[PDB]
Every structure is written in structure tokens, then in C-alpha cells.
Amino acid sequence: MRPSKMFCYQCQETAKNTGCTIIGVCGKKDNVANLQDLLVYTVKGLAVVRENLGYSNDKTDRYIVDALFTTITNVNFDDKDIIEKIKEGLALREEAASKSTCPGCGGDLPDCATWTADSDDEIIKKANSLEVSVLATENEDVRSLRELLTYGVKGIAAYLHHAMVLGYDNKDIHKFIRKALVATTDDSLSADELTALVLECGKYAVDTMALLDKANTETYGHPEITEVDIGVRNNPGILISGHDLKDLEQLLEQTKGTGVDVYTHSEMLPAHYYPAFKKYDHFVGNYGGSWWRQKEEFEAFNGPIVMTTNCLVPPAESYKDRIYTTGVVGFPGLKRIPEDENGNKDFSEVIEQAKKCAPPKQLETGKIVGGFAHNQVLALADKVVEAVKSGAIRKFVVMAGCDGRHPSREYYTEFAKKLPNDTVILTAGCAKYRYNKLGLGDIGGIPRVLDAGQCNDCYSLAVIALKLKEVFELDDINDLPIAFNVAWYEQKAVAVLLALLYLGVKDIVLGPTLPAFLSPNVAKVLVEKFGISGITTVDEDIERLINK
Ligand code: SF4
Ligand SMILES: [Mg+2]
């Protein structure tokens, strides 16, 4: 018997930092949360069956990453979509089971690999069962490690999805996803074995971020130094949000010559840094701030909005008629832009709607500079190294990650403003919006905020650090003049954290709170072995991270 209507604690904003049990803080309703649990459960069973067969296939690999992405915070609020995804997994699982060479193994299989439902009512009943809840794992340390691994796997799945959209893949990462999912169903594993899998999850997060970096840069060019306008023009626009650059490619192609401008929002900002998008005259600039302001900013934008990934907030009535979903995003009543047989998407109706809209309300004017991904920073290596050797740059501070609504996040704005003028902030992901419009200036022409791109472009920050480690002949990445004060919100940030731990980064400050899914004993290991700490006050953290 489920002790509460739902249980979800996978993001930074979980209620009281102990768990959403009646309705999600994000707006995810109990029935949706329980259906998402059943979707994860169904994916775990599908992984068990594929591991029994000994191999997977492309349609199953894509399904598994897409189904996991469907359950990431702020992606899909639509119970109908989640039910359809559950049924798709059951059909793929039954297909796989029909190809089994050892079907006598059925009775030894965990329930997630064999459960069935003969009706939508039986699906809902199963979704409401205790066995599909996150709380089904009874020991709190085993639960903590399984959930941490699972959320790291969701983050891998999101980034892998984007690589696959662009025609890139790595079947070893999919093999790891299945292995990890199976492990969370395996009561024979010890906590040490789960701990090893969490570390291996960081290794595969590096590999996945490397693959997505290859996909984005081979397709659209290497990011380069770019000034991005944050004001508006006088034409109707379409605002594109989330992370998917292929969606933008098609939107820009289809709006060329139409009189409809295109603007980016939140994690679409880094598209401006890629040469393939810079080429379009009607690609205007970046509108507003990070995802949590979107109810106000999407209304002010006046034109249609295309949400390619998270973060989607349950929309205000004022713009519900002009916000569209795509990819795995969903919300009841929002129309979707589906892929055709080739993965092409048709924005014609969004464009015809945009022609009838007022132009965007100006929220601000000016320009921000960005595009300091790994190729661009490597081209500046002599200048960066010279600034380090002279002490013009005494310390880099990685403040990358993912913003959110909690006002405690003011810490990051105040921290950025109080840093001394001989430090440089390295950023990526929407955490940047706490400090990327502050006018912090430059050090000998190197901006004091260096934006490498989306949260996945934390990969570039790791590559830059590893290059500086090589240049300075250090044998420990932590011997660089670098500090980490990272903000997190959902599961892609968890995968980024694990990647950093796997790469050997110690003493990360993680905030503005520590995840609810760390049990006391698990958090103890992160503190004592990896040096993780939470934020305190700006002055104390400036002192410990910068001046000592
Ligand atoms: S995704 Fe976050 S806010 Fe939403 S229900 Fe889960 S823990 Fe709560
Ligand atoms: Mg519905």
C-alpha cells in the first residue's frame, strides 16, 4: 500500500527537501507522478528482458532513453502521453520476450519484467501500487544509491537522446544504461557494488557528454565568441526553449523569408554561439532569463513558443493557445510538433499563427558575450595561460549547472558580484542566468564570465581544465587554480555531477541544497571522500573557496 498519494524527490525543489507526496512543487499531479514511476518500472523490465536476450536494437535503445527523458523534471505533465509510453514499452518487451531463447527463465524474473495489464484501469492500479514506487526499496542506503544511480542514468539518457536525434550513437552507453537499470532490480547487489555503479555512471556521463559535444559541433560548428542581443525587434517572433538544436535548425530554415523572427530562451541561448545559426539574419537574440520566469516572459513575448525539452512550467492561460511541445515534452491541451518518417518537423502552423501576433514586449536591451566552449578556449590558450602566470587571473570558479525558483539562489548572484576582480567565472547551463547580465567586465580582454553553453557543455569546462592540467604539468586536476560552486536542479545536473566526480574533481560545493535522495550515510561518503559541501553564506564561501 503506497503510504501517500505519490512520492517523488528527484529534483532540487522537492517539498521540504524530503519529498513531494500530494502534488509536485513542479506541478506534477499525483496520477502523473505514479504513471511516471510505472514508466520507469516498465523501462527497467524492458532492460531486464534485453539483458536476458543479450543484445538490444535501435528502436529499443531510442525508446529507453526517450521514456527515461519523459520522466525528467519539467518534461511531461500529460498522463495520456505517459500511458502511451508505458504501453509502447510493454509492446517492445513482449516482442523481445517472443525472441527469447530461454523462456523458462520467466518465473525467476523480477516483477517489472513480467507485469501485465489488460486495461487502462489496470495500468492505473499498478501505477498506484507500492511495488512501483521509489519507496519500494526498503533499506535507506540501498534506496539512496539506487535512486542516485537512476537519476544519473536519466541525465545520460537525455543527452544521449539529443546525440541520437543528430545521428550519433554509442551502443556501449546504452549497454551501461541497461546494466544500471537491471542493477536497481537486483536485490543480490551490495551497497559497495551499487557505489561502483554510481562511479561508472559518471564515466558514462563523460562519454555521453563527449558524444553530444561531437554531435553538436560536427553538425553546427564549434561555438565561437559571439555577442548576443537581449533586446527585441519589431516583427512577430517565435521563441524556442529547451535544448534541442536540430529543432532550431528546422525552425530557422522554415521562418526564413516569412517576416517572423526567431528568439532563443533559457537553454537555447548557446545556439547563438554556433556558426550554423549565426548565419540567419532573422535569428534575433535571447529573450528573458532562465526557465522559472517563463509564465511571465512567455506571456510578454506575444508570439508562439516551441518547447523542445525541459524545463516546461504548467502554462498560464494567457499563452496556452500558442505554446507547442515537441520531442518527449508534453502537457494536456498543448499541440505537439511530431517528427515525420525522416525526423523532419513542420512548423508551418506555428509560423502562420506567429504572423498574427504582436511583436515581443521589450524586457531589456544590451548584449551578452558567450561561446567559450573547448575549441574557442583552446584557441585562446596562450592568452589564458599568460593571465594565469601573471596572476591577472588568480582563480577560476565553475558556477555552471542548473537555475531554479528558490530565492536562496540569490546566493549565486551575490557570490558572483563579491568575487574579486582577478577571478573568472566559468559557466554552462541555466545557472548562468544568476550572473551573466551583471557587467563584470574583463581581464585583459578575457570576459570575467565565460559561457561554454548548455549544461551538456560542462563537457567543455572539463576539457578546458584537463588542457590546463596538461599545460601546467600537474598530475591532479584539483591542483589547478579552480573552485567549483555548482547549482543543480534536475537529473541532467546529477549526471554532470557524477561526471565531475569520476574525473577526479574534489571539494565541489553543491547547492542551493543537497539532494533529498542522499541518505545520511551516502551523504557522509560524498562529504568525507569527495569533499562535497553545501553552500553556507556568501562571505564564508568566498573566503574558503577563493582566499584560502
Ligand atoms: S520532479 Fe521535483 S518538484 Fe516535481 S514532483 Fe519530483 S521532486 Fe517534486
Ligand atoms: Mg489527461
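One-based numbering, in listed order, for ligands and for the atoms of each. Counting begins at 1 with the first residue of the sequence.
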Would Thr71 and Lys85 satisfy side-chain contact (heavy atoms from CB on, under 4.5 Å), going step by step from the backbone distance to the final call? CA-CA 10 Å; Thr71 72; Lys85 214 52 177 185; over 6 Å; no

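- Side-chain atoms of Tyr41 and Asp111 include a donor-acceptor pair closer than 3.5 Å.
- With sequence neighbours excluded, the residues satisfying side chain to side chain contact (heavy atoms under 4.5 Å, CB included) with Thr264 are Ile240, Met268, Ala271, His272, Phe283, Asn286.
- No side-chain donor from either of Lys335 and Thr325 sits under 3.5 Å from a side-chain acceptor of the other.
- Around atom 8 (Fe) of ligand 1, protein N, O or S atoms at a distance under 2.8 Å total 1; waters are neither shown nor counted.
- There is no side-chain donor-acceptor pair under 3.5 Å between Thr309 and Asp244.
- For the 3.5 Å distance criterion, the side chains of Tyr411 and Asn485 qualify, holding a donor opposite an acceptor.
- When non-hydrogen atoms are compared, ligand 1 lies under 4.0 Å from the side chain of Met6 (C-beta onward) but not from its backbone.
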